[PDB]
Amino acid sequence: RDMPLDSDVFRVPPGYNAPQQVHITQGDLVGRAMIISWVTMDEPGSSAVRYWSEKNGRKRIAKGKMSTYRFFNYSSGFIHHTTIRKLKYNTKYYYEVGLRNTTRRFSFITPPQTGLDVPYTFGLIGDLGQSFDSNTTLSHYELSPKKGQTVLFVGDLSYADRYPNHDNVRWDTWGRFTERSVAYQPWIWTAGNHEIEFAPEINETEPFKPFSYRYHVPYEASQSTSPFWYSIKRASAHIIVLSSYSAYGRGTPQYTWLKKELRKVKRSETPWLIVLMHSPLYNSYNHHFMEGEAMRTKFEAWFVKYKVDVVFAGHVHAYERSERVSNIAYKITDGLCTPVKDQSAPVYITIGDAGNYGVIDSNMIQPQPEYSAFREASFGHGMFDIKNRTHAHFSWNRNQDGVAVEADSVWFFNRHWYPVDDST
């Protein structure tokens, strides 16, 4: 069900060496930097970026770096990544890319300065892919009346690896597909399993290669030593991104980083604490049932302990929401291995239903267990609308519904400022 190559959506911007696949993300820790990334296919081109604010039209230039990679019998075009920095908060910015030959203009708006009661609305999309369904989700999100300002991307980007030799063209199509959204608003990236691409047979054995060349993150802004896990503060939220397919052993770098990072969170500054990951820790569908177990046995307590608000995952092509629940009592022989409501525990939501290759996971465990608050096998996206330091309203729009129909909806009470039972 993957949109074919001719698809209008996959069309290449006209012009010799026309910057295609333009896509941006947060470039620093708190909001005043952007990473502009694009691809030129005719010849290398200039990695410079021209930008200026709407108000003070003083045009400035930032210079980036260009790279290329080979996959198997594939060869990338020229990939460029430039980082504009020291932007002013809350400001529309105009940036042009492709200065040497055919220039393309775009705009993005710096977010507000980090704050206790600074509202912001994130869209949640995970497991996008490039089926027609995916097209639909992307448009539903594009139209949600409460308009999203940043997309938290929970993993599995293009499924190019389903194609033979992971036909990296499918990475180029996807890049072009999603441009309409990403060239204007950042998408926070999360490594999914489809990103791994461990292909020994074709002699590709460096995990996350194509992904890593195409998508960059300010991992160094947190003090991560790897792009596969990092964090960003934006508006009022503090976002930690983890890697299910990287390592979390005790003492390993991801483990070491997450621990320290959790201690660096300041709720007085960023009331909302959100965590992202691909494989979900709490899941009641049959598909991938219990994979999150390992990472669960490692990070749950921390999450409960620091009172993280929500945890979004993908990986299960469907939707599900949970009760604020923990299960941190088991000690092997003591039999306390059953999830209990705990109000310090986060609400685990899974939204890997944005489309993939057009297939939904419907087989679920009968009957819906206590921990599971609401679950449905439909394609859709989500929105997490932060209001105050106490309120944030999550929503779930189904692809079947009209753009403004909230198939599911929930008010989040800040685990830190207003810990009242938001459970139902």
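The first residue of the shown sequence is 1; numbering continues from there.
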Q. What stretch has the higher average Cα B-factor here, 224-232 or 89-97?
A. 89-97
Q: Using only the Cα atoms and their B-factors as the entry lists them, report which of 303-311 and 109-117 averages higher.
A: 109-117
Q.
Comparing recorded Cα B-factors across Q185, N286, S131, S279, which one is largest?
A. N286
Q) So among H194, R267, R250, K259, who wins on Cα B-factor in the entry? A) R267
**Q.** Third of chain Cα B-factors occupied by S144
**A.** highest
Q) For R263, does the deposited CA B-factor place it in the lowest, middle or highest third of the chain? A) highest
Q: Could you tell me which third, lowest, middle or highest, the C-alpha B-factor of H81 occupies within its chain?
A: lowest
Q) Sorting the chain's CA B-factors, does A392 end up in the lowest, middle or highest third? A) middle
Q.
Going by the CA temperature factor in the PDB record, which third of the chain does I360 belong to: lowest, middle or highest?
A. highest
